[PDB]
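Chains as they are written, first to last, in PDB author numbering: chain A, 1 to 30, 52 to 212; chain B, 1 to 31, 51 to 212.
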Amino acid sequence: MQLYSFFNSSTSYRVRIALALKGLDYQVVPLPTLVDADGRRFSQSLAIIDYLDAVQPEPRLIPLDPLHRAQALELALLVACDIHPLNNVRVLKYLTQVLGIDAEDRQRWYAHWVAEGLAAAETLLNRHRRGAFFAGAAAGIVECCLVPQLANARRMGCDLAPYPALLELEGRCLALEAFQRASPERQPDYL
Amino acid sequence: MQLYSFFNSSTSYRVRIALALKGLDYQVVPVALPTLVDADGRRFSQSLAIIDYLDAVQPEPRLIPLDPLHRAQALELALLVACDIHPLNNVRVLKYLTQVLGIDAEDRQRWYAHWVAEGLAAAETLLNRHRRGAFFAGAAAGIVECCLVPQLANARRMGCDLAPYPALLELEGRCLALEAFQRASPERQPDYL
Numbered sequence: 001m002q003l004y005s006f007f008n009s010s011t012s013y014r015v016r017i018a019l020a021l022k023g024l025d026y027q028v029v030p052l053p054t055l056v057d058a059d060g061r062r063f064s065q066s067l068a069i070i071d072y073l074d075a076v077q078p079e080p081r082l083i084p085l086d087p088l089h090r091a092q093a094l095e096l097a098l099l100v101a102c103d104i105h106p107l108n109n110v111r112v113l114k115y116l117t118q119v120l121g122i123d124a125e126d127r128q129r130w131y132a133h134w135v136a137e138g139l140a141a142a143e144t145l146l147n148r149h150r151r152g153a154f155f156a157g158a159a160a161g162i163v164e165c166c167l168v169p170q171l172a173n174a175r176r177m178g179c180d181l182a183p184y185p186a187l188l189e190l191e192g193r194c195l196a197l198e199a200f201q202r203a204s205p206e207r208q209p210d211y212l
Numbered sequence: 001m002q003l004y005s006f007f008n009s010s011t012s013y014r015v016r017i018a019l020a021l022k023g024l025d026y027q028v029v030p031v051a052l053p054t055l056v057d058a059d060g061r062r063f064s065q066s067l068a069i070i071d072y073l074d075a076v077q078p079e080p081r082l083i084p085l086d087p088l089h090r091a092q093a094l095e096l097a098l099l100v101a102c103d104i105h106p107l108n109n110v111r112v113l114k115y116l117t118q119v120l121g122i123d124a125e126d127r128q129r130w131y132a133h134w135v136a137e138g139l140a141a142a143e144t145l146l147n148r149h150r151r152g153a154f155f156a157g158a159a160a161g162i163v164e165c166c167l168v169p170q171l172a173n174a175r176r177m178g179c180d181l182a183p184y185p186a187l188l189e190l191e192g193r194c195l196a197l198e199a200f201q202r203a204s205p206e207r208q209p210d211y212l
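Following this line, the structure appears as structure tokens:
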């Protein structure tokens, strides 16, 4: 398979993590678009992560148990639907060039959606985590979504002190070769 | 189970359609929404997590396909709406644009219509290229129609041009002809105007 990836795309980071956790090799093509062995194209990171679970079930990125699965998807969709979309490069571009919102107002916009969303993420992780990772002994869709969100929030100057369990989970993920391999800074298109 | 719904919430509408397709819409309860509340008082948020959970609660008729390829295609279109359109066009976001950045109704209008045009052009193409049947997944409505019908009602109400999406308009018409969608509609809610 091929992944049309950019090193600094949060959605590409999500899928590079999932591919690294499966141990699947693919060809980065410097979004995202996964092209499978049949030439089918997929661009929505959370659909790709679900599909990878069909392509190579073990290790599993989304739980089988219906309640554990609902809890994992709840936290993944909080990130994918209620934080990231508002803070996209395309949205900040629109705010500057079309509405002329200055760097500082764009900061406060960025920080407002992060603060609301990460407070809820911290709550859900503390409530529903089953072990070292959200799903127990292995990282999955929750870590695929939280790790890029935290990197983005950090880089935009957000206060992350109110989210100690998110920061702890982030550290347990960034200690793993799979996350290190997927990281922006280790990508072939990275300056 | 109970579903805490507001008549005018798009994400509530998505889950009221899902419940109506299952034949469980006695569970709906008027006035972040929606919230599904089970037997033992467990609260589920996230409209797409709730739709997925309803397939565990009562598998038939299925809102998310079993076949992996068909599932990836249905989730691609559903997530296009739920991730790339609706979150930018939320009441919550439009309040921030008004009350914080002082953007007028006219610039708000144009923001709404930009994310709508970008998203629905891509949605029209996915529907045309990947649909399995009269509905996206086949002969029955599912997660794709649960996301599209609320998004088209919203776009129409905000004055968006929907002429460029004839396949989306046709699918919307097939859904709104069904009793399950008519029951789920905002206009038929107990809390409606």
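Every residue, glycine too, gets a C-beta built ideally from N, C-alpha and C.
Alpha carbon of residue i to alpha carbon of residue j, nearest angstrom
i	j	result
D86/B	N108/A	33 Å
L212/B	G152/A	48 Å
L120/B	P106/B	18 Å
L24/A	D210/A	19 Å
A158/A	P80/A	11 Å
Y115/A	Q201/A	32 Å
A124/B	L113/B	9 Å
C102/B	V29/A	24 Å
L88/B	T11/B	26 Å
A20/A	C179/B	42 Å
residue 50/A	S9/B	No atoms are given for residue 50/A, which sits in the stretch of chain A between 30 and 52 that the model skips.
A58/A	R111/A	30 Å
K22/A	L73/A	8 Å
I104/A	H149/A	20 Å
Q128/B	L197/A	46 Å
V168/A	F154/B	36 Å
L52/A	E206/A	18 Å
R176/A	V100/B	27 Å
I122/A	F63/A	33 Å
Proximity of residue i and residue j at Cβ, strictly below 9 Å
i	j	result
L187/A	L181/A	yes
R16/A	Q208/A	yes
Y4/A	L55/A	yes
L96/A	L146/A	yes
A160/B	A199/B	yes
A68/B	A156/A	no
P185/B	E137/B	no
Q27/B	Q77/B	no
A174/A	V135/A	yes
Identity of the residue in the options nearest residue i by Cα
i	options	result
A93/A	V110/B, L113/B, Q65/B	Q65/B
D71/B	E137/B, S10/B, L98/B, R148/B	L98/B
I83/A	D57/A, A18/A, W134/A, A172/A	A18/A
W130/B	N173/A, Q118/A, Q77/A	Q118/A
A172/B	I122/B, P53/B, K22/B, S204/B	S204/B
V31/B	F7/B, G60/B, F63/B	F7/B
Residue i CB to nearest heavy atom of the ligand FAD below 8 Å
i	result
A203/A	Absence of the ligand FAD is noted for the structure shown, with no ligands found whatsoever.
Hey, which unbroken runs of the alpha helix (DSSP H) at 4 residues or more fall wholly within the segment 160-211 of chain B?
162-176, 185-195, 198-203
Counting pairs of beta carbons, one from the segment 191-201 of chain B and one from the segment 157-164 of chain B, are three or more of them closer than 8 Å?
yes
Sequence ranges, alpha helix (DSSP H) only - wholly within the segment 69-120 of chain A, length at least 4
87-103, 105-108, 110-118
To test your reading of the DSSP string, which unbroken alpha helix (DSSP H) runs of 4 or more residues are found completely within the segment 118-160 of chain B?
124-149
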